[PDB]
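Heads up, the chain below is alone and in the form deposited in one PDB entry; it's given as structure tokens.
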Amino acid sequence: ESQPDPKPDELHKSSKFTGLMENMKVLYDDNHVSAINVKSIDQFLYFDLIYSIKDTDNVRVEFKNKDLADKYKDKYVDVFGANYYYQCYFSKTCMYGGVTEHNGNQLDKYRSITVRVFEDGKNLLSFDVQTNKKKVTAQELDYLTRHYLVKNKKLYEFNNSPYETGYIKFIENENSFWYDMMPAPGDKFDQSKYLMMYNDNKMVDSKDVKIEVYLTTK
């Protein structure tokens, strides 16, 4: 069923964040993990899988539960996600989710998906994100959406953001769900903790899914 839309007091307010916004920004800058048709080479814990991926070396993917790890352990997959280094351990980069079966999931062409951006309840702009996957992780679409908005609207800057609140909403026929784009209030922001929201490996159909971004200004 459908996640209820955020009421205003359920949203993180950037003015309550006194840490370094750069630590959010870098997650949605150019660099990200992207591998095509790879299979896990190892596993550290029961809820992770380890891949050998080229940087241009090893990527630990963490999942929410054992069933996700077991499902993909011996499958050829595509990997797409925002990764981190700080507090990345296994006995070098880490990410959450972002895994899809390769076989039978490829489109012929890249497919454009509208992103509708609202600012203070007003229709601000639209743009496209693209994928060549039938089933794509919400993580992939979220990264692409924010990457565009970082480049073109300075969604995140070094110190802070021009926006007080921001959430991305995914709509799939009847059902919708959303992610808070701002850091939790306080001085601390942990990349590993933030990115863990993607660890459910949530997927959507690129044919049908709609993307909306709601921003408010200060």
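Under this definition, the rigid core comprises the largest set of C-alpha atoms superposing within 1.5 Å between the forms. The first residue of the sequence shown is number 1, and the count goes up from there.
When the other structures are laid on the shown form by the core, the C-alphas of 4-12 and 207-215 differ in how far they drift in 7 other deposited structures of this protein; the larger average drift belongs to 4-12. Taken in 7 other deposited structures of this protein and fitted on the core, 141-149 and 118-126 differ in how far their Cα atoms move from the shown form, and the one that moves more is 118-126. According to the record, 10 or more deposited residues between residue 91 and residue 92 are left without atomic coordinates. Relative to its counterpart among 102-110 and 70-78, 102-110 has the higher mean temperature factor, C-alpha atoms as listed in the PDB entry. Between 47-55 and 27-35, the higher mean Cα B-factor belongs to 47-55. Of the candidates 65, 176, 192, 159, it is 159 whose Cα B-factor is highest according to the PDB record. The maximum CA B-factor among the listed residues 143, 86, 127, 118, taken from the PDB record, is found at 86. Sort the chain's modelled residues by C-alpha temperature factor and residue 188 lands in the highest third, per the entry. When the modelled residues of the chain are ordered by their C-alpha B factor, residue 60 lands in the middle third. When the CA B factors of the chain's modelled residues are split into thirds, the value for residue 134 lands in the highest one. Ranked by C-alpha B-factor against the other modelled residues of its chain, residue 200 falls in the lowest third.
The protein also exists as the form solved in complex with a partner chain; that form is not presented, and the subsequent description refers to it.
For residue 192, a non-hydrogen atom is located within 4.5 Å of its partner chain in the deposited bound form, even though that partner is not displayed.
In the deposited bound form, residue 164 stays away from its partner chain, with no heavy atom inside 4.5 Å. Using a 4.5 angstroms threshold between heavy atoms, residue 44 counts as touching its partner chain in the deposited bound form.
Its partner chain in the deposited bound form comes within 4.5 Å of a heavy atom belonging to residue 90.
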